[PDB]
Amino acid sequence: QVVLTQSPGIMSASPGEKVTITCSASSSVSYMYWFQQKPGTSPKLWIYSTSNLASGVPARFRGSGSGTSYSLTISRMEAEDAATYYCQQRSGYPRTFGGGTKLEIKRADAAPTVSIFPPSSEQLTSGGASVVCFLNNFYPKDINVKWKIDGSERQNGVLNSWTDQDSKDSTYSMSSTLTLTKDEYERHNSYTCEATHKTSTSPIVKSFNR
Amino acid sequence: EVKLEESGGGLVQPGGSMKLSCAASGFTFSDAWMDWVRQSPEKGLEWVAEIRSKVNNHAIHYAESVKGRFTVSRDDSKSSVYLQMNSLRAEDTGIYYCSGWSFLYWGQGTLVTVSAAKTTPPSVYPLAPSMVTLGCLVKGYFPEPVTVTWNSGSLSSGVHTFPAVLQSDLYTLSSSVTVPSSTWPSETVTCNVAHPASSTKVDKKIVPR
């Protein structure tokens, strides 16, 4: 089985910039094929037989390469080009795909908007207490969340989730849920989430008291 | 135009079987090689099976991971391709695409979930505190997917729906919405949660504490 390694795994670019993504095969193949995928939809054939543009693919794109080394080049990127691109070989069986190169949009830095939410009355009735923190609309994507209960750091019981880049404003969001039993939750007074992001030297701190 | 209409997906326990069907139209099916491709976070895109055209003897190849367990077939008179999946494992979970004319055409995909976990409707909880952020917590459901909208989709901007996370054999997801703080609670904000697998359709108003 031919292994396809794509580089980079992930990158960002501003519209107008040249973008080159590469696919390296473990053994030589006659042709490379490329597919575009956007979240929530199927892959679309993008380039076939190394260098042929599929119908509808704009001229900005160019496929090239030979042997074990192939490339997909965007001469001048457009915002609509933000997607994951997969290479694929069909030089024998199994057909294989590279791991994808995710092309994201470069934008200005943005501080997270942080919001903390107590457990709802209805959840408490069930014997549960989820405290939720949203870290919304920040750039770039790296962020840390810390939970504190009565001022003391809480690790364990934390469910973290990260969005893909927002198609509107090009930012990232994160949700963090601390789940306790109702009994533990009522044992404590203050609940705090702290976001650390490169936009500030000091954490953004939102809290509530029971 | 070309349509590849997949069906037969869903939830099955390990060791179980599923049969996927793909009804094709808009191209000469008898000339087309057809393929199944699956997608998961862990393994990305994986070719599953190929079945060639009549002139190419309907020759069949499988990924080694499915050899002996999956059977691809086609019915040219019904312009349809099939994938019989036996002895299912957890790692067979993913979106299965029908692919036509050697990867030129792709279906929308059908989700196949292989787990011992039973179908469970979500518990939907409101998250209440110049803009105000609100939310809903969609907890303890299985299988995927859930859809979340706000005010029946009319609140389309300001919205982040976070990928679900599987813990304790149950998924949990959250969604946030931002509205002008002057408008809440005076104007009602409602999250609408649908979980087709359990035929769940619920509207949760966000009420102040």
# chains A, B, ... in the order shown; residues from 1 in each chain; ligands from 1

call {"tool": "residues_around", "arguments": {"residues": "residue 137 of chain A", "least_positions_apart": "4", "cutoff": "6 Å", "atoms": "only C-alpha atoms", "output": "PDB file with C-alpha atoms, in the first residue's frame"}}
result
ATOM      1  CA  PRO A 112     -11.810  35.571  22.951  1.00  0.00           C
ATOM      2  CA  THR A 171     -12.179  33.263  13.863  1.00  0.00           C
ATOM      3  CA  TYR A 172     -12.175  30.191  16.139  1.00  0.00           C
ATOM      4  CA  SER A 173     -14.356  29.290  19.097  1.00  0.00           C
TER       5      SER A 173
END

call {"tool": "interface_residues", "arguments": {"of": "chain B", "to": "chain A", "cutoff": "6 Å", "atoms": "only C-alpha atoms", "output": "list in words"}}
result
residues 47, 63, 104, 108, 127, 129 and 162 of chain B

call {"tool": "select_by_dssp", "arguments": {"residues": "segment 18-190 of chain A", "states": "strand (DSSP E or B)", "output": "JSON, numbers by chain"}}
result
{"A": [19, 20, 21, 22, 23, 24, 25, 33, 34, 35, 36, 37, 44, 45, 46, 47, 48, 52, 53, 61, 62, 63, 64, 65, 66, 69, 70, 71, 72, 73, 74, 83, 84, 85, 86, 87, 88, 89, 96, 97, 101, 102, 103, 104, 105, 110, 113, 114, 115, 116, 117, 128, 129, 130, 131, 132, 133, 134, 135, 136, 137, 138, 139, 144, 145, 146, 147, 148, 149, 152, 153, 158, 159, 160, 161, 162, 172, 173, 174, 175, 176, 177, 178, 179, 180, 181, 190]}

call {"tool": "write_last_selection", "arguments": {"atoms": "C-alpha atoms", "output": "PDB file, in the first residue's frame"}}
result
ATOM      1  CA  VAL A  19      -0.058  28.563  -2.008  1.00  0.00           C
ATOM      2  CA  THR A  20       1.842  25.332  -2.737  1.00  0.00           C
ATOM      3  CA  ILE A  21       0.900  22.042  -1.115  1.00  0.00           C
ATOM      4  CA  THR A  22       2.879  18.825  -1.682  1.00  0.00           C
ATOM      5  CA  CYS A  23       2.167  15.090  -1.677  1.00  0.00           C
ATOM      6  CA  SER A  24       5.001  12.613  -1.233  1.00  0.00           C
ATOM      7  CA  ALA A  25       4.412   8.926  -2.111  1.00  0.00           C
ATOM      8  CA  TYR A  33      -5.310  12.962  -8.141  1.00  0.00           C
ATOM      9  CA  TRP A  34      -6.545  15.750  -5.873  1.00  0.00           C
ATOM     10  CA  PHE A  35      -9.827  16.310  -4.059  1.00  0.00           C
ATOM     11  CA  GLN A  36     -11.276  19.326  -2.282  1.00  0.00           C
ATOM     12  CA  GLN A  37     -13.463  19.037   0.777  1.00  0.00           C
ATOM     13  CA  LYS A  44     -15.015  16.893  -4.930  1.00  0.00           C
ATOM     14  CA  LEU A  45     -12.574  15.789  -7.626  1.00  0.00           C
ATOM     15  CA  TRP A  46     -10.306  18.801  -8.101  1.00  0.00           C
ATOM     16  CA  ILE A  47      -7.403  17.586 -10.246  1.00  0.00           C
ATOM     17  CA  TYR A  48      -7.093  14.338 -12.211  1.00  0.00           C
ATOM     18  CA  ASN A  52      -5.941  18.198 -15.349  1.00  0.00           C
ATOM     19  CA  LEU A  53      -8.432  20.549 -13.702  1.00  0.00           C
ATOM     20  CA  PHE A  61      -5.003  25.925  -9.530  1.00  0.00           C
ATOM     21  CA  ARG A  62      -2.208  23.875 -11.091  1.00  0.00           C
ATOM     22  CA  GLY A  63      -1.362  20.214 -10.486  1.00  0.00           C
ATOM     23  CA  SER A  64       2.159  18.960 -11.192  1.00  0.00           C
ATOM     24  CA  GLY A  65       4.678  16.346 -10.205  1.00  0.00           C
ATOM     25  CA  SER A  66       6.148  12.980 -11.101  1.00  0.00           C
ATOM     26  CA  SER A  69       6.557  13.994  -5.592  1.00  0.00           C
ATOM     27  CA  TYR A  70       3.456  15.901  -6.546  1.00  0.00           C
ATOM     28  CA  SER A  71       2.136  19.405  -5.879  1.00  0.00           C
ATOM     29  CA  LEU A  72      -1.020  21.457  -5.923  1.00  0.00           C
ATOM     30  CA  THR A  73      -0.364  25.166  -6.513  1.00  0.00           C
ATOM     31  CA  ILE A  74      -2.710  28.118  -6.170  1.00  0.00           C
ATOM     32  CA  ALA A  83     -10.702  23.853   2.395  1.00  0.00           C
ATOM     33  CA  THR A  84      -8.957  20.547   2.958  1.00  0.00           C
ATOM     34  CA  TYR A  85      -7.182  19.109  -0.074  1.00  0.00           C
ATOM     35  CA  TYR A  86      -6.439  15.399  -0.322  1.00  0.00           C
ATOM     36  CA  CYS A  87      -4.101  13.728  -2.798  1.00  0.00           C
ATOM     37  CA  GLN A  88      -4.933  10.203  -3.990  1.00  0.00           C
ATOM     38  CA  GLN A  89      -3.087   7.565  -6.018  1.00  0.00           C
ATOM     39  CA  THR A  96      -4.981   5.487  -1.008  1.00  0.00           C
ATOM     40  CA  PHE A  97      -5.445   9.100   0.070  1.00  0.00           C
ATOM     41  CA  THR A 101      -3.733  19.661   3.849  1.00  0.00           C
ATOM     42  CA  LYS A 102      -6.070  22.120   5.523  1.00  0.00           C
ATOM     43  CA  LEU A 103      -5.838  25.611   4.011  1.00  0.00           C
ATOM     44  CA  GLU A 104      -7.207  28.252   6.417  1.00  0.00           C
ATOM     45  CA  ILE A 105      -7.650  32.043   6.144  1.00  0.00           C
ATOM     46  CA  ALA A 110      -8.843  38.710  18.093  1.00  0.00           C
ATOM     47  CA  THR A 113     -15.243  36.668  24.165  1.00  0.00           C
ATOM     48  CA  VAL A 114     -15.651  34.635  27.338  1.00  0.00           C
ATOM     49  CA  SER A 115     -19.013  33.664  28.862  1.00  0.00           C
ATOM     50  CA  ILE A 116     -19.670  31.421  31.872  1.00  0.00           C
ATOM     51  CA  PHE A 117     -23.014  29.710  32.539  1.00  0.00           C
ATOM     52  CA  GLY A 128     -26.337  16.858  37.445  1.00  0.00           C
ATOM     53  CA  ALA A 129     -24.427  20.147  37.304  1.00  0.00           C
ATOM     54  CA  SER A 130     -22.676  21.166  34.100  1.00  0.00           C
ATOM     55  CA  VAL A 131     -20.916  24.514  34.158  1.00  0.00           C
ATOM     56  CA  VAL A 132     -20.244  25.809  30.627  1.00  0.00           C
ATOM     57  CA  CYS A 133     -17.658  28.265  29.389  1.00  0.00           C
ATOM     58  CA  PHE A 134     -17.704  29.641  25.821  1.00  0.00           C
ATOM     59  CA  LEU A 135     -14.511  31.160  24.418  1.00  0.00           C
ATOM     60  CA  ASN A 136     -15.867  32.747  21.300  1.00  0.00           C
ATOM     61  CA  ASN A 137     -14.454  34.401  18.151  1.00  0.00           C
ATOM     62  CA  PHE A 138     -10.713  34.479  18.769  1.00  0.00           C
ATOM     63  CA  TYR A 139      -7.709  34.394  16.422  1.00  0.00           C
ATOM     64  CA  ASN A 144      -5.983  27.361  26.958  1.00  0.00           C
ATOM     65  CA  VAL A 145      -8.924  27.160  29.368  1.00  0.00           C
ATOM     66  CA  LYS A 146      -8.510  26.696  33.106  1.00  0.00           C
ATOM     67  CA  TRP A 147     -11.316  25.882  35.550  1.00  0.00           C
ATOM     68  CA  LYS A 148     -11.269  26.948  39.182  1.00  0.00           C
ATOM     69  CA  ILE A 149     -13.665  25.921  41.929  1.00  0.00           C
ATOM     70  CA  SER A 152      -8.599  26.098  43.253  1.00  0.00           C
ATOM     71  CA  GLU A 153      -7.742  24.690  39.831  1.00  0.00           C
ATOM     72  CA  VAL A 158     -13.795  18.614  31.588  1.00  0.00           C
ATOM     73  CA  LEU A 159     -15.285  18.300  28.110  1.00  0.00           C
ATOM     74  CA  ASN A 160     -13.554  20.553  25.539  1.00  0.00           C
ATOM     75  CA  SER A 161     -14.662  21.229  21.952  1.00  0.00           C
ATOM     76  CA  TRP A 162     -13.225  23.501  19.238  1.00  0.00           C
ATOM     77  CA  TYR A 172     -12.175  30.191  16.139  1.00  0.00           C
ATOM     78  CA  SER A 173     -14.356  29.290  19.097  1.00  0.00           C
ATOM     79  CA  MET A 174     -14.089  26.858  22.000  1.00  0.00           C
ATOM     80  CA  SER A 175     -16.567  25.383  24.483  1.00  0.00           C
ATOM     81  CA  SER A 176     -15.553  23.939  27.852  1.00  0.00           C
ATOM     82  CA  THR A 177     -17.955  22.084  30.111  1.00  0.00           C
ATOM     83  CA  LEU A 178     -17.144  21.104  33.697  1.00  0.00           C
ATOM     84  CA  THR A 179     -19.602  18.413  34.788  1.00  0.00           C
ATOM     85  CA  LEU A 180     -20.184  17.674  38.487  1.00  0.00           C
ATOM     86  CA  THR A 181     -22.950  15.953  40.444  1.00  0.00           C
ATOM     87  CA  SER A 190     -17.517  30.116  43.106  1.00  0.00           C
TER      88      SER A 190
END

call {"tool": "residues_around", "arguments": {"residues": "residue 197 of chain B", "least_positions_apart": "4", "cutoff": "8 Å", "atoms": "only C-alpha atoms", "output": "list in words"}}
result
residues 119, 121, 142, 143, 144 and 145 of chain B

call {"tool": "write_last_selection", "arguments": {"atoms": "C-alpha atoms", "output": "PDB file, in the first residue's frame"}}
result
ATOM      1  CA  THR B 119     -30.009   5.070  20.852  1.00  0.00           C
ATOM      2  CA  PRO B 121     -32.389  11.144  23.020  1.00  0.00           C
ATOM      3  CA  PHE B 142     -26.459   8.665  20.858  1.00  0.00           C
ATOM      4  CA  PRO B 143     -25.820   8.210  17.966  1.00  0.00           C
ATOM      5  CA  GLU B 144     -24.781  11.253  15.932  1.00  0.00           C
ATOM      6  CA  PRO B 145     -26.059  13.484  14.478  1.00  0.00           C
TER       7      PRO B 145
END

call {"tool": "atom_distance", "arguments": {"atom1": "atom CA of residue 55 of chain B", "atom2": "atom CA of residue 83 of chain B"}}
result
20.9 Å

call {"tool": "atom_distance", "arguments": {"atom1": "atom CA of residue 182 of chain B", "atom2": "atom CA of residue 133 of chain B"}}
result
12.1 Å

call {"tool": "select_by_dssp", "arguments": {"residues": "segment 56-162 of chain B", "states": "helix (DSSP H, G or I)", "output": "PyMOL selection string"}}
result
chain B and resi 56+76-78+90-92+151-153

call {"tool": "write_last_selection", "arguments": {"atoms": "N, CA and C atoms", "output": "tab-separated table (two decimals), in the first residue's frame"}}
result
chain	number	residue	atom	x	y	z
B	56	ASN	N	-15.58	-4.70	-18.23
B	56	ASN	CA	-14.41	-5.02	-17.41
B	56	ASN	C	-14.72	-6.13	-16.42
B	76	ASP	N	-26.98	-3.22	-12.83
B	76	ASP	CA	-26.97	-2.26	-13.92
B	76	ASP	C	-28.39	-1.87	-14.36
B	77	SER	N	-29.33	-2.81	-14.31
B	77	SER	CA	-30.71	-2.54	-14.71
B	77	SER	C	-31.45	-1.62	-13.73
B	78	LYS	N	-30.91	-1.50	-12.51
B	78	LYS	CA	-31.45	-0.59	-11.50
B	78	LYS	C	-30.53	0.61	-11.29
B	90	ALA	N	-16.21	-1.59	15.60
B	90	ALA	CA	-16.24	-0.16	15.96
B	90	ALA	C	-15.48	0.74	14.97
B	91	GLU	N	-14.32	0.27	14.52
B	91	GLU	CA	-13.47	1.03	13.58
B	91	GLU	C	-14.00	1.10	12.15
B	92	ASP	N	-15.12	0.42	11.88
B	92	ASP	CA	-15.82	0.56	10.59
B	92	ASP	C	-16.78	1.78	10.61
B	151	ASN	N	-34.17	30.07	17.12
B	151	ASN	CA	-35.41	30.69	16.65
B	151	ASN	C	-35.84	30.19	15.26
B	152	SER	N	-35.83	28.86	15.11
B	152	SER	CA	-36.17	28.16	13.86
B	152	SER	C	-35.31	28.61	12.68
B	153	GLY	N	-34.04	28.91	12.96
B	153	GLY	CA	-33.08	29.31	11.92
B	153	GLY	C	-33.05	30.80	11.61

call {"tool": "closest_residue", "arguments": {"among": "B:147, B:130, B:167, B:53", "to": "residue 100 of chain B", "atoms": "only C-alpha atoms"}}
result
B:53

call {"tool": "residues_around", "arguments": {"residues": "segment 10-24 of chain B", "least_positions_apart": "6", "cutoff": "8 Å", "atoms": "only C-alpha atoms", "output": "list in words"}}
result
residues 2, 3, 4, 78, 79, 80, 81, 82, 83, 84, 85, 86, 87, 88, 89, 90, 98, 110, 111, 112, 113, 114, 115, 116, 117 and 143 of chain B

call {"tool": "write_last_selection", "arguments": {"atoms": "N, CA and C atoms", "output": "short mmCIF file (atom, residue, chain, number, x, y, z; two decimals), in the first residue's frame"}}
result
data_model
loop_
_atom_site.label_atom_id
_atom_site.label_comp_id
_atom_site.auth_asym_id
_atom_site.auth_seq_id
_atom_site.Cartn_x
_atom_site.Cartn_y
_atom_site.Cartn_z
N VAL B 2 -25.88 14.68 -12.18
CA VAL B 2 -25.66 13.38 -11.59
C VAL B 2 -26.15 13.35 -10.15
N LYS B 3 -26.85 12.29 -9.79
CA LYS B 3 -27.25 12.05 -8.40
C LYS B 3 -26.77 10.68 -7.98
N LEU B 4 -26.15 10.60 -6.80
CA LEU B 4 -25.84 9.32 -6.15
C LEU B 4 -26.54 9.29 -4.80
N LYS B 78 -30.91 -1.50 -12.51
CA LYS B 78 -31.45 -0.59 -11.50
C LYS B 78 -30.53 0.61 -11.29
N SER B 79 -29.49 0.69 -12.11
CA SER B 79 -28.43 1.69 -11.98
C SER B 79 -28.00 1.87 -10.52
N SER B 80 -27.76 0.74 -9.84
CA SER B 80 -27.48 0.78 -8.41
C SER B 80 -26.26 -0.04 -8.00
N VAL B 81 -25.56 0.46 -7.00
CA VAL B 81 -24.41 -0.25 -6.44
C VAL B 81 -24.70 -0.47 -4.96
N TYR B 82 -24.12 -1.53 -4.41
CA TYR B 82 -24.44 -1.94 -3.06
C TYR B 82 -23.17 -2.25 -2.28
N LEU B 83 -23.26 -2.11 -0.97
CA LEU B 83 -22.20 -2.56 -0.09
C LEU B 83 -22.81 -3.31 1.08
N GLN B 84 -22.62 -4.62 1.07
CA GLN B 84 -23.05 -5.50 2.16
C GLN B 84 -21.92 -5.55 3.19
N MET B 85 -22.22 -5.17 4.43
CA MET B 85 -21.18 -5.06 5.44
C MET B 85 -21.49 -6.02 6.57
N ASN B 86 -20.64 -7.03 6.75
CA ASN B 86 -20.85 -8.04 7.79
C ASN B 86 -19.81 -7.95 8.88
N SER B 87 -20.11 -8.55 10.03
CA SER B 87 -19.13 -8.70 11.09
C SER B 87 -18.53 -7.31 11.38
N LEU B 88 -19.42 -6.34 11.54
CA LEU B 88 -19.02 -4.95 11.73
C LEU B 88 -18.21 -4.74 13.02
N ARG B 89 -17.21 -3.86 12.95
CA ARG B 89 -16.38 -3.51 14.10
C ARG B 89 -16.53 -2.02 14.37
N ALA B 90 -16.21 -1.59 15.60
CA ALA B 90 -16.24 -0.16 15.96
C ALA B 90 -15.48 0.74 14.97
N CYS B 98 -20.85 6.71 -1.65
CA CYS B 98 -20.91 6.10 -2.96
C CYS B 98 -20.21 7.03 -3.93
N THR B 110 -23.50 8.48 3.83
CA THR B 110 -24.39 8.00 4.87
C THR B 110 -23.54 7.59 6.08
N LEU B 111 -24.00 7.98 7.27
CA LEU B 111 -23.29 7.67 8.48
C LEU B 111 -23.60 6.25 8.95
N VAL B 112 -22.54 5.49 9.17
CA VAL B 112 -22.62 4.15 9.72
C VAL B 112 -21.95 4.18 11.09
N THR B 113 -22.72 3.91 12.13
CA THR B 113 -22.17 3.89 13.48
C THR B 113 -22.21 2.45 14.00
N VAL B 114 -21.05 1.96 14.41
CA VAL B 114 -20.96 0.61 14.95
C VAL B 114 -20.56 0.72 16.41
N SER B 115 -21.52 0.49 17.30
CA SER B 115 -21.28 0.61 18.74
C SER B 115 -22.27 -0.22 19.52
N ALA B 116 -21.87 -0.62 20.73
CA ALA B 116 -22.76 -1.30 21.68
C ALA B 116 -23.75 -0.33 22.35
N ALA B 117 -23.43 0.97 22.30
CA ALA B 117 -24.25 2.00 22.92
C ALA B 117 -25.60 2.09 22.23
N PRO B 143 -27.09 7.85 18.62
CA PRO B 143 -25.82 8.21 17.97
C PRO B 143 -25.84 9.65 17.44
#

call {"tool": "residues_around", "arguments": {"residues": "segment 29-40 of chain B", "least_positions_apart": "4", "cutoff": "6 Å", "atoms": "only C-alpha atoms", "output": "PyMOL selection string"}}
result
chain B and resi 44-53+76+79+94-102
